[PDB]
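Note on naming: letters A, B, ... go to the chains in the order of the sequence lines (proteins, then strands), and numbering restarts at 1 for each one. Only heavy atoms go into these numbers, but all of them, side chains included; no hydrogens, no water, no symmetry mates.
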Amino acid sequence: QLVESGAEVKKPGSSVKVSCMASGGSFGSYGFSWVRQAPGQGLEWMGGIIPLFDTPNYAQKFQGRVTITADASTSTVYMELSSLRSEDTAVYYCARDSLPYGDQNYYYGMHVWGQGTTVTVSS
Amino acid sequence: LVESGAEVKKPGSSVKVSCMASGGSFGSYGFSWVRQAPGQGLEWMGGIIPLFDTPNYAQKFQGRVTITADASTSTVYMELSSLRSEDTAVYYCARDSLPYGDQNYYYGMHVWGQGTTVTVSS
Amino acid sequence: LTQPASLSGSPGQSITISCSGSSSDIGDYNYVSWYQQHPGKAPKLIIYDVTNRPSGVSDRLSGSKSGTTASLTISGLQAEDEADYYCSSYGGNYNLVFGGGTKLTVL
Amino acid sequence: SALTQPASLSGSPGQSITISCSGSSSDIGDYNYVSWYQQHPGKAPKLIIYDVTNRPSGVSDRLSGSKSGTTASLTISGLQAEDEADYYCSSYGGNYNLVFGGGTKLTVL
Amino acid sequence: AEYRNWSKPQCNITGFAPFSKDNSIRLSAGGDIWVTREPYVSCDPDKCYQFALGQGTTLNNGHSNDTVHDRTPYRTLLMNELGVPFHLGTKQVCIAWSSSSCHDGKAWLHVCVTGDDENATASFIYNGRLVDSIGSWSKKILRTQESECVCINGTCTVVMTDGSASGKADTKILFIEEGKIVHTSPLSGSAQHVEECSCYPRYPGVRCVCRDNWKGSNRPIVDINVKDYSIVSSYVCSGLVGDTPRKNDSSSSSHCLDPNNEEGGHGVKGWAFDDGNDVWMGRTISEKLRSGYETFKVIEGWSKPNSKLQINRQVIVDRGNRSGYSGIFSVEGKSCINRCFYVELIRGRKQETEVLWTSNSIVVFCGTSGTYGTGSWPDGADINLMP
Amino acid sequence: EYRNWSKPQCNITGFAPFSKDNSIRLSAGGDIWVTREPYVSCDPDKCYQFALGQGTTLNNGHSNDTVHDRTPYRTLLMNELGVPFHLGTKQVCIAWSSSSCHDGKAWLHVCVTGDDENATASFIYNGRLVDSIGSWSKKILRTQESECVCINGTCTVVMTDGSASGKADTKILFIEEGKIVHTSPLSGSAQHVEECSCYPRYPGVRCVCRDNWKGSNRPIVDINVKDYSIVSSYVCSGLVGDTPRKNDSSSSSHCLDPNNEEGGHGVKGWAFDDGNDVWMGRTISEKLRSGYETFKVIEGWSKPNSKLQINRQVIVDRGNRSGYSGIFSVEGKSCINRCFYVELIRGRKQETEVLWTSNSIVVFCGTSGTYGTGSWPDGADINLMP
Amino acid sequence: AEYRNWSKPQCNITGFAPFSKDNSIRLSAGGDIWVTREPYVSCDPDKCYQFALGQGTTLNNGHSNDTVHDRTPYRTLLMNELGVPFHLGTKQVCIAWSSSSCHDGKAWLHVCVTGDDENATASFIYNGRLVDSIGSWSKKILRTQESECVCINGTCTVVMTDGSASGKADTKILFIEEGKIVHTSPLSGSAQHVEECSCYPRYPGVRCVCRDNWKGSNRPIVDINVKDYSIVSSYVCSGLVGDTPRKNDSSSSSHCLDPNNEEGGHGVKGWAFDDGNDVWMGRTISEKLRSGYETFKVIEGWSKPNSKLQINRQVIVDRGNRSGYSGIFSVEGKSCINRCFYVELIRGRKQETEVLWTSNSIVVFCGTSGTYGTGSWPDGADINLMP
Amino acid sequence: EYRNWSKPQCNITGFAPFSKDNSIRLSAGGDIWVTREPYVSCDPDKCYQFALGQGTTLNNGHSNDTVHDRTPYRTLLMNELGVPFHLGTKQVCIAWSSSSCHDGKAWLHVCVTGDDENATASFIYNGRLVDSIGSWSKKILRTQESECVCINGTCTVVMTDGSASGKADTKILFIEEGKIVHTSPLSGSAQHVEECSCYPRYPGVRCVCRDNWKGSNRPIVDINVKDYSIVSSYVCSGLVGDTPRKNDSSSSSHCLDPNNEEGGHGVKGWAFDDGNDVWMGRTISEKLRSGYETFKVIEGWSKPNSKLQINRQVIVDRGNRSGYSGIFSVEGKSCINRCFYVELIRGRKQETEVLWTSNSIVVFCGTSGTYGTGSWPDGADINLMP
């Protein structure tokens, strides 16, 4: 179970913050991932973070726009998207691995999915 | 398993009930005494381990009941002095199925006797 | 400990007898015993250690505990199950505490 | 995107449909970490296959996964009405990067 | 090649660090492991050894049924290197339902009680041979520390008890040199019930912290002078009592002289030692059951009566896991003696009815002068995967 | 340095529990050897248990028809005392009859194999074979199925060749470092000497044996190692120790001749002397090997037909099976202590619910202090075993 | 009796010869063998010992389900003589999901990290007793070499890392004498991510070749001066990089100042050492997976940046067979120090889905100045015949 | 500290039973290695058993298709003599052929592994690898599969590389403390040398080997370790010792050439000299490796084709399987004693009721005394085995 923030409307050029918290047990060693789905389009992987290490990874097309932060004590991940443009209107999901970080589990597996948040950027 | 016969007593006297366990050595087991007034429920008078010879009594029965034991014969005796009028009941002797141990310290009540009725009268 | 004064049930159904108490009573220790007493006979142990059951006792009797209330469940209520039912617990200092007794009556 | 998929597929109730997902060597190929997700309209994506062949608990055994060279395949045997959904393939491209494929819209007739 | 004196000071202890673990129950679901209860750890000058009271059977066996009994003629004392599980190659040094062991710097002394509850025999095995034997003096269950004794300069102090577990009992301290009882000393002091002591050297004497099974939740303290053969007794002054049946932290009380009469009843084998004025102790997290285990240091708990100031708490076993017995032992360092403790992890019947046996694992921690962290070390055996 | 056993005998008021091997209990859920006829011999450091294994485990198909005692696959098994006979034990020699000795420097094993008509007794010292002898009567060449004594490097082993229901040639062999330095025919009034329990009585060796022809009163063999002299007698105590015997009222034993008193079969037993009294062990039953008690007979080593009994200990209860029994001496700080092992036979020819025949051991030692009562049977549920 | 100095020359190495093999997976289908991962060989002056990070279970057991996890409270360090498989009679010397063992010539030093990931405890155990302990300094995950440490003149060097595996991490070098940390030193040099070092004595100091998990497909080198307690760092100048995720031989590069940034995001433990200007190096055959293992010698690979001249190639494990961690250890000879390497052979889940466990076998090779041949030594267990 | 073997040879009138390992019987109810080609080598304290064990137990699924002898998972297993090959054994090296010896200071193991085209022989001394050699003829590089002999710290090994049905390159390696100090080509009249059994005959080493090309009589290699000189001949017995042989009436030997009498194959055997006589052990069967006898041939080391036989012992009866046999010497207190081990092969290619192939050992030692008769087979019922 991953709870997520509410849907927020925004103006172009502003900055939005999306939050997702895992209720579960203690998930700091687990890997969280952020996925964007434009209305009608497919899924694109923005990036990921292990809250324990606090060293995010980003896609090549999202380096410079997305900031991913985390709180390991509360196991809550945050995604800040700045300089909102027209094609940032989408639904944002946060996923989490079912296994902790290890030698054989280093890729960001995405097993448990959140409900998603919509961000509308237009005016 | 075997108890003494029914005893007829006058108020102010003292009664002695016995319970002998047969089938082996039960000195290290726990023997308890239970009272049932006619038509009422079960009340736990107290227990004894015949080996240790240190009886335990309920809060309401301290100062009235004396429980003694002979571990060689595995026999437990209950003496009830000052036989007040409402002391008429059926008295049961029960024995644990397990010997005393670290995980068995509470007085279990598994093998029950047949009972003995005492009647405080006149 | 507190018990229902009387219960009634139909032949073939399942009945449940409750035994409530304080924290020093049922609720902190898992030593809860259930005894069955037919009229004119000595009490017979049917449940010990909350869930455990002696040999020679019918499998229809199933003891259970939840919080500070123990429960005895009799599934398949037959006519030989009409007897007084007593719950006992470890008080805490070498002392046992009994219930009041439930007069189970099948119809 | 980096992984290619059929735009749409159709099938009859009872038959089996295979969804393909092709990519380069850095994609599906080496690094056999291929996941398949299923998304019903208006709901979040659900993982149905992870690690090429493995399947999570609670997922129907009718869904199976396989790999051949540089392509992955998702086989649905015994199509039902609840299998009408968008299916997505993802892979681990290396250097802590995940690559998705454009989803396929499986519709039963 | 000479006797042990323990003539060094005590380590600066800021807490405890993980030392060893025996995954006996996990290994026994697919292995040949002895069914055991009441282990302890005693260290010779070279290494450390684990001891257990085995039931004369393995876990994957038909004889594991009705293991919960504590005094059978088939119980033996199992000796192994610390870390080695109790497998078919283990050595059974003696017949015992209760046992104690030290190393005097030259050989091993094992005290082993067997026989009947009415009439019991305590044998003293030194250097692989039987040297002395004693019988029951009260014709009750003759018991012993169920942990190590302290082996100072060839003189061994074993605390034995004979009597009721709910009344007055005759507790004696035996001083043994090279397997031969040279002195017997009755218990003297304000302690009214002494059982299963955890003893450590406090030069020139011995300090033991035991359990009370009669009107006591605070632990008795027995101080033994091995030159005068003298005994004094008191109670732990730490307010936060350490018996597994006890009242809550608000209503608990522990004055230095008398038992507190606060849920006295049963008890668990535990330990506590002194830090000048502080007390380092360990107790079960649960207050009615042996579930969980924590260790902490109470400020002015060995000097000030009923002092409830707690610092440096560690969680050895979490509340949702079954603990058991615990005990202290001492390891000679380069310059000063270190204190370590073992924790029993009981798995089996009378609480878990899905199996018929009753066995244990052991987790061993040692004191450190440095930094440590948090953690959790339960047995972690799936009871549904076991025979 | 060699062992001299030149200390006085310890003060013995009874016996105390020392060791138990729950082999049969452990063998239901483990790989344990099938063994019979064990013994305990102690080197200066520790004590070792020896068994005649049948070359198979208990949870095995080769445990069928194990009641035979002379098989080519029988081997002598060594272990530390208390360690069960698991798969990591050492088979020191091939033997259906064996005797182990420690002289203070190394071990000596006398191991007999081969055919009944032509048998080989190998003498192995310090891990290497040093000597070998053959049968001199072409019957079953047997030996003491226990330990025997080495004094000043000279070890005395009693071997017997001949009938078990008639006259047999019994010879005492003196061996130095694995080499037979002397042999001596049995001399005295003993008419049938089978496997013995031997203990040092400085400067010589005293052995108490079993009689399988016409006696049930435990013949005694005294061996002088300096001049290789043998004398023989019986136990003067009326309370006889052989398992086939009559009741205590009709039993009799004069220490010149066998009593002709239900001689028949026998069991391996033990008795030793404390002054004029005798400390002896026997089975509780009088026809079967069920139960085991030890007791001290006053004036039982000097007065013929003495039936005064004190200090009785029930080692194994009457309702439990027993077997062979034997003695071994442990050197203390200032005195030699006597200890005894008791065989606990579990298996076929008495219990027909299994197919094998195996055993356990319970080992007791003498004490000058106080002891209690007890009973230490094997305690294996025969319905819970392969 | 005396300390180890390693003050002998490194003798001529023309290749490597087979030394030892443990058929743990093959023996484990019809036997009782531990489930282990991350082994290493460390040799005392008399013989050689194998070490593994067990999982508190055997393979023919119910607790072998989901053994792929690396940090588990039931993990212990298993010690055996080299060649003896990890059966039920092994010794668990400490609780650790990360360990490092060495011998100074007098006793054994074990560094054992256990506990929670956010707050872990590293225990330093010497001569059978716990002598020191530290906690996490960055609170991410505390890790050690997972191979042998190096002790010179009684001072043992352990490389311990704490921080992100995909970012900057605090790496320290701890100098310990007889179980007590006498010094700590932050990592200094051009290396940017150091993990799971394989260390060997190069008198008067220690040279370690480690694993980069952040940006480097080549291996970092850490040189440790044990008298000045000083640290320098660089990379391997061999163009043929030795990390499992790597480019092909044509496009790989290493200028031994910075990470090459090719596909450095993961890796194996690996090892390399120097013979003059040349480098002896062992890697896996596959460039993306941990399948296969070769060793070779690159001419001027320790002196000339980006050198791809390869001689003396031996195929330790073929391409079609799985491999794993590989590490180095040094053995004293009559007149020289000889280098030897161990190779893991991982069998189990995340590659083979027909089973539920994940265990390993080990193959040990040693250098020789003589002639050798070719061969192949995989794990060789039929996965369809396994529990 | 080094061993010189300067003592004389012991007087030998026969052989006596020393040790037995009931490995096949125990493996039906336990975890025992699957092994073949074992041998026994004795350090100054005790004796050790060595086996070329494939990486599997007998109750395993990997016991299928065990009949192969050159497998990469084969390892050399050490144990104390008498201890079965259980899961606690030590795998000292990777080898499908090995040779172990003790120089009085440490152990030397020669272990050959790899491919048949290219093989590596490693030399492990004192627990560490000291030297390595490769194939010089690129055929299967083999070794004695028995114990090597070390005199004054110089250990002698015999390694053959070539064809088993033709001329092969046999070399003698002289090794000091794990390092090859000399290599000597085989010289003399022997034309095929394989699997030698070597014993110290001071000042040199004498080896009796297996001819696989043209000889039913056994080659003899005499090795002088001072000048590193090799001579070779054949046994002058006439009662030839190789398993494929003609009957006693048609067999022959003339000390120089192979007899060309059914000598197309062979078994590992042994023979040693007692002056002009030869003590020799062979199999009873003339075509199969079933049964094993030992005897003494009068004037067998001096007179060509001497068919005079005395002192015959049946070690294994002819109705039971046998296998490799080998010699090893034990230092006594006055003289060197000779002992021999016999393989007992149980498994496939003769017994198709199972799928594996393993062995047991029976070890006998020479004695100056008397002995008897008997038989000591493997004695495992193949119908009760997994």
Contact origin within [X] toward chain D - heavy atom pairs under 4.5 Å:
X	result
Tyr58(A)	backbone
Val35(A)	side chain
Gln41(A)	backbone

To the nearest 0.5 angstrom, please state how far the [atom1] atom of [X] sits from the [atom2] atom of [Y].
X	Y	atom1	atom2	answer
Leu98(D)	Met46(A)	CG	CE	14.5 Å
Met110(A)	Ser90(D)	CE	OG	6.5 Å
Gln37(A)	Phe100(D)	CD	CZ	9.5 Å

Considering all heavy atoms, the nearest [X]-[Y] contact:
X	Y	answer
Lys43(D)	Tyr93(A)	O-OH, 4.1 Å
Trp113(A)	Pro45(D)	CG-O, 3.1 Å
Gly114(A)	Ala44(D)	O-CB, 3.3 Å

*asked:* I need the single residue from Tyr50(D), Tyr96(D), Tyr33(D) that forms a ring pair (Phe, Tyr, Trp, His ring centres under 6.0 Å) with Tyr107(A). Which is it?
replied: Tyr33(D)
*Heavy-atom distance under 4.5 Å between the side chains of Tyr92(D) and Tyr108(A), does that happen here?*
no
*Is there side-chain contact between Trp45(A) and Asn97(D), with at least one heavy-atom pair below 4.5 Å?*
yes
*With a 4.5 angstrom heavy-atom cut-off, which part of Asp86(D) approaches chain A: side chain, backbone, both or neither?*
neither
